[PDB]
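Here is what each chain is made of, one letter per residue.
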Amino acid sequence: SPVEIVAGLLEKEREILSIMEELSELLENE
Amino acid sequence: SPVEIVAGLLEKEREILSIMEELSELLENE
Amino acid sequence: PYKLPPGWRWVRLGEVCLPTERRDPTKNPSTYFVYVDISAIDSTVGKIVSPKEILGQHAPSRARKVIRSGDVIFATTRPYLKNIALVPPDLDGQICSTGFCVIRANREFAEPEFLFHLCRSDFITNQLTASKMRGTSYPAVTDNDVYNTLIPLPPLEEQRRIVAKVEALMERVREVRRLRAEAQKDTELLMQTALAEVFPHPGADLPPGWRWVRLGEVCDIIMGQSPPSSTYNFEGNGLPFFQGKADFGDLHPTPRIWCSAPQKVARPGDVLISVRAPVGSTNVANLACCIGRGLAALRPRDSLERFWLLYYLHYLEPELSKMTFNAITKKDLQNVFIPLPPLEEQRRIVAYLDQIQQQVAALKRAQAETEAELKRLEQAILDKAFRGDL
Amino acid sequence: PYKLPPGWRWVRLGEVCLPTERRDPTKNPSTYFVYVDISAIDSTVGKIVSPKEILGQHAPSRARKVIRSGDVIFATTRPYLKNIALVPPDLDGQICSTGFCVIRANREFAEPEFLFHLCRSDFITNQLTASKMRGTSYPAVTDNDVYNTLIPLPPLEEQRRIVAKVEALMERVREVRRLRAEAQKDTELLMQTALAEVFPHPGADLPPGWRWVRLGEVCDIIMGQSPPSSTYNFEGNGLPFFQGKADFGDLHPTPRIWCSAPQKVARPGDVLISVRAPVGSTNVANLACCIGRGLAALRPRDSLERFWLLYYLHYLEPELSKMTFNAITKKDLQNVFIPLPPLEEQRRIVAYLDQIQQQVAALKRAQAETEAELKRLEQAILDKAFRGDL
Amino acid sequence: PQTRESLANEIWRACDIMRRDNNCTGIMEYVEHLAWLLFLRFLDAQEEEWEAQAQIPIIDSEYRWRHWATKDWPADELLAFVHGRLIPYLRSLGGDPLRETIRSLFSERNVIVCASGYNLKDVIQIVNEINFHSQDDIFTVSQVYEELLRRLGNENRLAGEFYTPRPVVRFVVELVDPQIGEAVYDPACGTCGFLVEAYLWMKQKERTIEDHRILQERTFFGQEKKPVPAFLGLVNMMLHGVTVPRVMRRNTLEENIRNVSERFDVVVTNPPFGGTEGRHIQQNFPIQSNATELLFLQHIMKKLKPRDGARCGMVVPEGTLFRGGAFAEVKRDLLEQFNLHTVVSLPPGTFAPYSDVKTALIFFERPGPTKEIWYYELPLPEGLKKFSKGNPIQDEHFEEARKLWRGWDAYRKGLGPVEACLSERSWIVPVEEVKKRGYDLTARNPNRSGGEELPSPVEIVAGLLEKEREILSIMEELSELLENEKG
Amino acid sequence: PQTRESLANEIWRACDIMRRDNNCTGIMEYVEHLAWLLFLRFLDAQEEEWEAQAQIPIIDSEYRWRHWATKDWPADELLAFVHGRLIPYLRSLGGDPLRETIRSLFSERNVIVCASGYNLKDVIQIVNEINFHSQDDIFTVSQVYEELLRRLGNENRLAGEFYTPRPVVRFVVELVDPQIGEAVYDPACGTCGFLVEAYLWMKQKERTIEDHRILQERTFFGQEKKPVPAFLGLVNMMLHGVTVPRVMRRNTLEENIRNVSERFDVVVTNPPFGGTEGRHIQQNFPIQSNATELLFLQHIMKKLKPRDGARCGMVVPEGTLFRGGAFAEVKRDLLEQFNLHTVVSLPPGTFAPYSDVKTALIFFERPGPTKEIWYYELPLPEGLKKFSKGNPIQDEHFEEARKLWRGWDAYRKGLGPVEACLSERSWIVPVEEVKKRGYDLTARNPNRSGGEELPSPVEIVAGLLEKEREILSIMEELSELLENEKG
DNA sequence: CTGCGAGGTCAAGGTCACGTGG
DNA sequence: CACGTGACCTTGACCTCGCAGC
Ligand SMILES: C[S@@+](CC[C@H](N)C(=O)[O-])C[C@H]1O[C@@H](n2cnc3c(N)ncnc32)[C@H](O)[C@@H]1O
Ligand SMILES: C[S@@+](CC[C@H](N)C(=O)[O-])C[C@H]1O[C@@H](n2cnc3c(N)ncnc32)[C@H](O)[C@@H]1O
């Protein structure tokens, strides 16, 4: 499943990224 | 022995009295 | 709280103290130590008179507290009994019962004997009554109350060497009471010595006109018995009831209870003697009354003066009281032997002994009052001492 | 300690607290209770996840503290492990191990959740390191230090409401690391998946030119043995010595010790495989060295690429590792089966797998660093929070 | 009644007339002068009632108040009459015992008469302008008389010895709660005595014909030793008043206690703090001590009737409370024979200027033996160290004492909570502990500075001295008598 | 030596001549202008020595410093000569030896030359009035140059990048304690480098003839990438100075660490403070990361000789200390490969104006594995929030650091008590605890205020974002590559 | 093999209650 | 009887050993 895995991994990554720009969003404020 | 005893008793009494006029003696002062 | 002289400061007992150690002697099982417990203290003089030396192995659970020279040990169990003591150099660094509060005076602020004499006074113990229990039924207090009760601290602090004055005073004072005690003991035998002169021991020859006689001959006896308990009443029905010596006053018995149906009655002028322990006590009877089993009533016959018999019985009292358990019998009383002078001479000697007795009574009461006021004098010494009035 | 915003006050933690009860459940022997101990807390999220309900009769000696809704329980035994929890309503009024320090916030001053997040922070526990001992050797502290350690408390008493704001941040934050963990887990499987394609399962037939071959055929093996201990030296005499996997680096083994009289030597480019638990780990030899019995050295004949064999062994590693105690033998290694493509194709696939591996390594390290800085981000959240900076 | 204004003023005028006069030095002389005039007028009125009962001869007609007071004298002839033919005539009374009384009252020295015959005539006319057939006018004069007695109480340090503060009286009477008819006894009634207050109370309940007679005749028995308080008091009890009350000039210690006879339902009293009596009198008591107060205590103890509910309110000094010896014995007896249900510590100077001695109110009951004792310390105003001529004791302090005592009275009979009677100034002491203390009944307030305000040592050692050489005298007597009566 | 005298003062004069000039904007331009003149004079002197052993021509003869500097030029003709003929002649020598080297050093941008030919002539003659055969004068010029470099360090934020505070240097060199002869290496030597301090020190122990020639020939190996610090530094090491020092314009990261074969006893260094380099360079290292500082750390780790007592003093930022991932790995290796015996936390602004980043001095040793680490936090004066251009770091703060470190050095080999090296400012951290912290070597003071002066959270989330987008780039690269190489 | 924590022992007080001498 | 001493109980603190993880 090598190729499939990277995909899902990639989705997970840009999801995480989404979460942390929500983090930056709500952290200023400042 | 009745008579002797009052005697001796009397001696203890004048002794006690002496002690307590020395007590008053040193109590003023005050 | 108080008003105090310029030098004096009020500080909690604790503030003046050093922290104090406690150690376990069983950690040194073969090392002996001297143990001090509340029983080892003489309450009167506030000293440790009877320590006990114990092997560290056999050490009681209580023995955890270490004492040192100048320490004041203040018992926390009933501290109105004045078990308080100043620790001698001989007892330095040593263990006692945890029921003690250890007071280590730090000599910067307090010298120990002053604190001893403070604790010895009703002052601190009354602070303890103000706090804790007032009336609340428990005999003991924690160490930290005894660390929180207010006290005056007397700096300039060789001003607390006014302790010297106190001790000077006190010893002379205590000495007085010693002598007073001796006087009191001795004064009592005066009466008996007087009696010893008037009544000859048995089998001796007697002055002319006197004769030995059995009491039963010159006296008749009503033994007395206790009625059923229904008869007893406080509503004053029938006659007063006296079961035994407990009902006696020192001359006449005080009636507190009545018997609606009396069995054996004692008229006025009968002489009452206790027939059960304590045997031999006597009171005259001043009113018609009913007598219990604990009492026997002696009615003196014509040849006899009730006071002649009475004084005789006072004379005989010490081993007229023997000590299976002791009771005395009608026959026992009838066969006791009494000297019988003529009635007139009896009344004469009765008069003489009467004024002797009133004199020694007046005497008794006087020295008793002096003693009481010596206690009060002591309390006055301490109260006056702890404010600047010497 | 530091600056304060206008409202906030510095208060000792204890000053904000309520007195707290302790009771003995054996006094109610047939009454069940819920018990909470340090093992019942999840260190990561600071919750009580596993209480145990016990009959009051079977209550442990430590079971004596009553928790209540909003109480913060802070373990005093090693409180750097962050066993701290906020007591839910379900656990109100209940016993938990004495190991804990019970914090009952009086709502007049402090909201409990704020105190939870304060304790959850490295703040208070660093207070605990600063006092007590710095680096002395005892794991635990008394409850009353945890009552004396300074905290900043902010009034109102909305801000404690602010923390309510912190929860938002944290939730998102924890969620991130959740994903990161999963990512990391899965990311490593990539390598094996890639390998899964290149190496066929045994007994399948292979693309043309390839052939199955016994390792012994294309590889020759030097088993290795451990010398006497006199040979060992730090003065760099003879050759470096590697006993087992413990000496392995991530690619090449770091020599820390030498053997003055080597017995079995591994020349560079030999491939080293561990032969005892953990068995099957591989590392390559970058320098001439001596090998212990814990290692076997594989040296590849032509027709075999050291990296082809290496990647193969990496593929085989999970059940190349068996689990009586684990050891592998020369015959065992010689009779393992390996796919053998032409040498050039081997080096081609080796190149390809090499760049896959460099990419996933870079990847690994990257997300590892993100994880670490997420921890740091958390600590930054709390440090910034307990000052007026949000 | 109380037609104070027209009449009261005059009496006050008469007082200022005596102030002007030389031989009336002070308020003392005012009140006794007024007393003897008022008494003569009283005697005349009573005899007139007895003319009415004669229908169905205390003094010669010439010497009745009527004939000599009504006539308008030249002043000198009046003065000459009073000193020359009147007073000696009144010492001229030999007859039935009562006249012996009249003679008795005058016979003791030196009746107060104005130096100016004019002033004397004026005072006499003010007295003669009182209507004795109006109970209104009598009420007024009684009030003025009472105020005069109070002022006399404040100004004069010797009285003092025959006076007691009315707040103390009213309080004691209130706590004792006399009913009709139980006799009321003051074995030493200085002047008036508590008897007037007891009268007024028991009277506030009469409300029937039978009762009044009981009040006027059979309910007041008490006695006085010294002539001046005896007289002033007689005048006061007739003034308030009971028509002809029974109280005797006599010694209370005259009487033997074993004989007792007597006795009474109630004793409300303030016996003397008192000093020595000694000798013959001592033999009248089972316990014999020179101290007057102790003998008075014994007398009171046996003066009470045997019935349950036999009460005594009484005033005692520190001495009777803390002293041991015979006192303890008597005190022991009290506690065993009697139930002493309360003690009120009374601050120093309550009796000033007479004493400043700390005193206590002792209310002891006689159902039975004494178990628990209620102690109430009483507050001074915190401005004052002690009560004074300037600031005397008044009814209010006792008002608080009153409310707390109501609490204790409720608890004693178990009709109320203990919490009612307790306050930091109130505490309850169990009898065991007073017996451990050698019968020291002195007030020790737990919830108070430990200081017990004891007198300085020197005074203690002084009294101790005098009674120590008293002991020596006793022993001297003992050995004199023991070799005297040798055969 | 010294004799700054007239000579120092002049040089200062030249500086104000350049201050007046248009083409010298700031102290930067002063120091580089002075540098290129001084360097040419130096080259001429060295060759002249080589005439002396030629007896047993880099450029000539028109272009040697002798002929053109001695001449009295019309200003315009001088300026025209330098720009028109000389710089170009230098730009193109082409001799495979150095001579290429020389161009490399005239290779780029602006050679700083005065706008006024008059000023240029003045500065040139001030420079040629220096006697290079008197090392008193060389010493003087070295001192003035050093001060110029310090002032340059304060004024210009761009250096900054190639400068390090001399107190830091002297401290690091003092603690490392170089001896003769161990090679001394700075894998990035900004300008001068620690090499001058190392020189002067090792010189203070010089002792013998054989030694001096070791110092000037065989003991200084270090290197620099960027032209301006390379040049300024070259001038500085010949100034202090070493006759012909070995340092190369090159990249240390172009080198492949795994082949190593160059090693040194000592490394005293301050590598860059950290940005990306990437790609092809990355492959030179076993651990691969874009971060320059990490690669420099690796390079240093393998640049050390295998013998025991192999030392490195080094300057690192917060980042290298608290960052995980590859850093941790390298740090792990460090701690096991090496004994890291001290860390000195250096407060923010130490390097201002270049950066205020908090830094740490890392002295790590290489007998063996790392057991315990000595931490010394360093105090700011209580007046300042941070060190500044206005108030910079100076040798004193380090006086205290020095004394305590002497203590720690004593304890480490067990020649002294631990108590010597401890102050609330100094504490000792066990290696175990840094491994539970995920290899966070940041200073945490046990006996100190809680606040750890951590960045505002957002900055954290900002960096977190940028390297997350790096992660995305990496993954699409991954899928590009596995979809590319599909058969 | 090492760090964690729950069971255990231990010390400091504090309250309870039984033996016993006056 | 009521006074103390031995005992039991509680709180709070330190010891360390069975146990599961690197
Ligand atoms: C203090 S007073 C009583 C006060 C009185 N209750 C009142 O209302 O003022 C004592 C009085 O008792 C009188 N007294 C003293 N000795 C006495 C005695 N042996 N018999 C009778 N009365 C006596 C005194 O004259 C004095 O007036
Ligand atoms: C902080 S400085 C070194 C300071 C120097 N030790 C001093 O204080 O004298 C960093 C220097 O390293 C140089 N440098 C940066 N990257 C480099 C590389 N890859 N190779 C060599 N030198 C480099 C930079 O030009 C900069 O001058």
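Residues numbered from 1 in each chain as written, not as in the entry; some residues may be left out. Chains lettered and ligands numbered in written order. Heavy atoms only, no water. Residues with missing side-chain atoms left out of burial classes, pairs and counts.

In the annotation of the PDB entry, chain C is listed under the name Restriction endonuclease S subunits and assigned to Caldanaerobacter subterraneus subsp. tengcongensis. The record lists the entry's title as "Structural basis underlying complex assembly andconformational transition of the type I R-M system". What UniProt states about chain C under its Subunit (unreviewed entry) heading is, verbatim, "The methyltransferase is composed of M and S polypeptides." (UniProt positions renumbered as here; feature names shortened; annotations may be inferred.)

Caption draft 1: Highlighting the interface of chain C and chain E. Each side of the interface is counted separately: chain C has 32 residues, and chain E has 35 residues. Of all the elements in the fold, those that place two or more residues in the side of chain C that touches chain E are helix 2 (122–130), helix 4 (163–198) and helix 8 (343–385) of chain C. Here the side of chain C that touches chain E gets 24 residues from one element, more than from any other, and that element is helix 8 of chain C. Of the residues assigned to the side of chain C that touches chain E, the class counts are 15 nonpolar, eight polar and nine charged. (Contact = heavy atoms within 4.5 Å. Helix = DSSP H or I, 4+ residues; strand = E, 2+ residues; numbered from the N terminus. Nonpolar A, V, L, I, M, F, W, Y, C, P; charged D, E, K, R; others polar.)

Caption draft 2: Layout of the site of ligand 1. All names here are of chain E. By nearness alone, 24 residues border ligand 1, and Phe-162, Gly-190, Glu-224, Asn-251 and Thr-252 come closest of all. Between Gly-190 and ligand 1, the recorded distance is 3.0 Å, taken from a backbone N or O atom to an oxygen atom. Between ligand 1 and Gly-193, the relevant distance is 3.1 Å, taken from an oxygen atom to a main-chain nitrogen or oxygen of the residue. When the free accessible area of ligand 1 is taken as 600 Å², the share hidden by the protein chains comes to 93%. Counted by class, the shell around ligand 1 contains 10 nonpolar, seven polar and seven charged residues. (Near = heavy atom within 4 Å. Polar contact = N/O pair within 3.5 Å; in protein donor to acceptor, adjacent residues only side chain to side chain. Areas by Shrake-Rupley, 256 points an atom, 1.4 Å probe, with all protein chains shown as cover.)

Caption draft 3: Summary view of the sheet that holds strand 10 (residues 100–103) of chain D. All names here are of chain D. The sheet built from three strands is open, its strands ordered 8-7-10 with antiparallel pairing. The open sheet has two edge strands with one neighbour each: strand 8 (84–86) and strand 10. The sheet shows a mean angle of 15 degrees between the axes of neighbouring strands, taken without regard to direction. Across three bridges, the pairing between strand 7 (residues 72–75) and strand 8 is antiparallel. Along strand 8, the bridge assignment pairs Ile-73 with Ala-85. Against the sheet, helix 1 (residues 112–120) makes contact with strand 7, strand 8 and strand 10, and its axis sits at roughly 165 degrees relative to strand 8, the strand it touches most. (Pairing = 2+ DSSP bridges. Axes fitted to C-alpha atoms, helices over the stretch in contact; angles between N-to-C directions.)

Caption draft 4: Quick look at the protein's contact with DNA strand G. In the vicinity of DNA strand G lie 15 residues, with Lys-27 and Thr-142 of chain C together with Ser-39, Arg-62 and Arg-78 of chain D positioned nearest. When the atoms of DNA strand G within 4 Å of the protein are sorted by group, sugar and phosphate make up 68%. Between DNA strand G and the protein, one listed contact pairs a phosphate oxygen with a backbone N or O atom of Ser-39 of chain D at 2.6 Å. Residues belonging to the surface near DNA strand G are distributed by class as follows: five nonpolar, three polar and seven charged.

Caption draft 5: View of the packing of aromatic side chains. This structure, assessed with the given rule, holds 57 aromatic pairs over all chains. Arranged with centres 5.0 Å apart and planes meeting at 50 degrees, the rings of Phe-171 of chain E and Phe-398 of chain E form a pair that is tilted. You can see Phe-171 of chain E sitting in helix 8 (residues 166–176) and its partner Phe-398 of chain E sitting in helix 15 (residues 395–412), a full 227 residues away along the chain. For the pair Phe-171 of chain E and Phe-398 of chain E, one class covers both residues: buried. Taken together through their ring pairs, the aromatic side chains of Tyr-63, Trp-65, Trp-68, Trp-73, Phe-81 and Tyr-89 of chain E make up a single cluster. Seen from the ring of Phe-322 of chain E, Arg-376 of chain C lies directly overhead, with NZ or CZ sitting 3.4 Å from the centre. In this arrangement the basic side chain of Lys-205 of chain F is found over the ring face of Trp-201 of chain F, its NZ or CZ atom lying 5.4 Å from the centre. (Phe/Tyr/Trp six-rings, centres within 6.5 Å; stacked < 30°, edge-to-face > 60°. Buried < 20%, exposed > 50% of the residue type's maximum accessible area, 1.4 Å probe, protein only. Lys NZ or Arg CZ within 6 Å of the ring centre and 35° of its normal.)

Caption draft 6: The arrangement of the interface of chain D and chain F in detail. Taken together, the contact pairs 34 residues of chain D with 33 residues of chain F. Elements with a minimum of two residues in the side of chain D that touches chain F: helix 2 (122–130), helix 4 (159–198) and helix 8 (343–385) of chain D. Here the element with the most residues in the side of chain D that touches chain F is helix 8 of chain D; it accounts for 24 residues. A class-by-class count of the residues in the side of chain D that touches chain F yields 15 nonpolar, eight polar and 11 charged.

Caption draft 7: Layout of the site of ligand 2. Residues and elements named next belong to chain F. Surveying the vicinity of ligand 2 reveals 22 residues, the closest of which are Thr-164, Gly-190, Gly-193, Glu-224 and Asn-251. Contact distances for ligand 2 include 3.0 Å between a nitrogen atom and a side-chain N or O atom of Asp-186. Contact with the protein chains hides 94% of the accessible area of ligand 2, taken as 600 Å² for the molecule alone. Among the residues making up the shell around ligand 2, the classes are represented as nine nonpolar, seven polar and six charged.

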